[PDB]
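J.:
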Amino acid sequence: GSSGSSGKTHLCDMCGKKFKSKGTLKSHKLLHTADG
Ligand SMILES: [Zn+2]
Numbered sequence: 023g024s025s026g027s028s029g030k031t032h033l034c035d036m037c038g039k040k041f042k043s044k045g046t047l048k049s050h051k052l053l054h055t056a057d058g
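Using the numbering used here, you'd call the opening residue of the sequence shown number 23 and step up by one each time.
1) May I ask which residues mark the beginning and end of the alpha helix (DSSP H) holding residue 50?
2) Look at the Cβ atom of residue 41, then the Cβ atom of residue 32, and state whether they are nearer than 8 Å.
3) When the Cα atoms are used, what is the spatial distance from residue 35 to residue 47?
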């Protein structure tokens with residue numbers, strides 16, 4: 023809820039999407055930022 027979370031997730035601080043692994047969250051964060 024608005025006052026606090028429950029359970030556990032690998033949460034994106036950039037868009038607010040929630041993931042089931044740090045590997046899945048990392049594979050998602052490549053879409054926000056990458057080297058070039
Ligand atoms: Zn994200």
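Where is the CB? At the ideal position from N, CA and C, for every residue including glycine.
T.: The short version:
1) Start at 1 with the first residue of the sequence shown, and residue 50 comes out as number 28. Start and end: 44–51.
2) Taking the sequence shown and counting its residues from 1, one reaches residue 41 at position 19. Taking the sequence shown and counting its residues from 1, one reaches residue 32 at position 10. Yes, Cβ-Cβ distance for residue 41 and residue 32 is below 8 Å.
3) The count along the sequence shown starts at 1 and reaches residue 35 at position 13. The count along the sequence shown starts at 1 and reaches residue 47 at position 25. Between residue 35 and residue 47, the C-alpha separation is close to 10 Å.
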